[PDB]
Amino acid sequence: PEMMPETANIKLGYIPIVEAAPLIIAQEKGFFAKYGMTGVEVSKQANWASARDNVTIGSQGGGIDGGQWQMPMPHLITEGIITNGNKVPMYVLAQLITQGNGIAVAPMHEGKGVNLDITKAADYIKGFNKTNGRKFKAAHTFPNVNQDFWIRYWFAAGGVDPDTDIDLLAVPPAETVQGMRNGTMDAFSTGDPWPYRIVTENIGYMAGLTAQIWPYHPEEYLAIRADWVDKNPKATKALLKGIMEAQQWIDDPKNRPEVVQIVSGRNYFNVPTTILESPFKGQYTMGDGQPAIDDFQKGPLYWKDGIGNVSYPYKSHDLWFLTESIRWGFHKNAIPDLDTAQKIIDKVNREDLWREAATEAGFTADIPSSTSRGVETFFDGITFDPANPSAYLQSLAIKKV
């Protein structure tokens, strides 16, 4: 009864991308059941807006109790910032993965220098309307979160202001890719399994992977409503242990063929396994005359990366997401300063539960010693010191503060 979950049921949402792997694998390989969570429903969300709506509603209303999220969605939902004032407190419990994301660009931009560092192509992009009849058009999957941040960082590092120099919009992924085929979309912030299809089907090329923009960067996370977690503490830790074991399992190369087979199944991603076999080996055809990537360390990682533990949710990473939100002037009234950002993080990030769950499960040797992963370094040399986010913001060339 000590480890017995208060309830064996929970509804967790996911989006059909590699970031969802730990949830799918924990369920399909019996890791959730091992700890008593035999009633986990891994529910596919139609899109990010729908996932947001479903967690706001909650399972009792026909929605979800938590799930996979781009950052800082849990924080924004907790503060009612993206729910029209409906504050639904949530807890960030674990990071699901790092990498497995990238930026794609249309073929018409090849030989223009639109690669990892777009500095030399800045003027080309900025004057696209006069030369090509329209503003450079790029898209993400939901505003103010991960993909938006990745493409914005990429543009801004090369001298392109994502708010004034281009048309950065939120567009469905299928509509976005179709746009690239039609010659109306110039680039988009995506992730696996999308890159493979884009390059193999000559829809475009890969300007760069997020693994190149910020090696081992924080990515998507598991977050559950605070009311559910507060009511079911034992069940919450059981879920964490199941996820941790699944992450460890996924990172063993020997299990990746099965991982790919399972997630690509009809009842999940529903896509040909061939489009994910390469990424899970760290293999990517970049195109545009650039060398292909062949490095396991540059593909998706779920348990351990080159810096620290992937799963442990470092508060310094929540801090970067809120600091970058401030950089772009997002939620000007709700998050007006870094102090407010830290207060939100202390209410949302529950790294303490991750530590507790890891300890009980026997993973003490993998627990990071600090809540900070230290100074972070981006591909353009900019560094983020969690101890001084103000200095990070001031070191950036393009920003709204």
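Sequential numbering from 1, following the sequence displayed.
In this entry, the higher average B-factor at the C-alpha atoms falls on 117-125, of the pair 117-125 and 79-87. Set 390-398 against 3-11 and average the Cα temperature factors; 3-11 ends up higher.
Residues shown: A246, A238, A106, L96. Highest C-alpha temperature factor in the entry: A106. Considering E220, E258, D165, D252 together, the PDB entry gives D165 the largest C-alpha B factor. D161: CA B factor lies in the middle third for its chain, per the PDB record.
The deposited CA B-factor of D366 belongs to the highest third of values across its chain. Remark: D305 belongs to the middle third of its chain, ranked by C-alpha B-factor as recorded. For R350, the recorded CA temperature factor ranks within the lowest third of the chain's modelled residues.
Placement of the Cα temperature factor of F269 within the chain: highest third of the modelled residues, per the deposited record.
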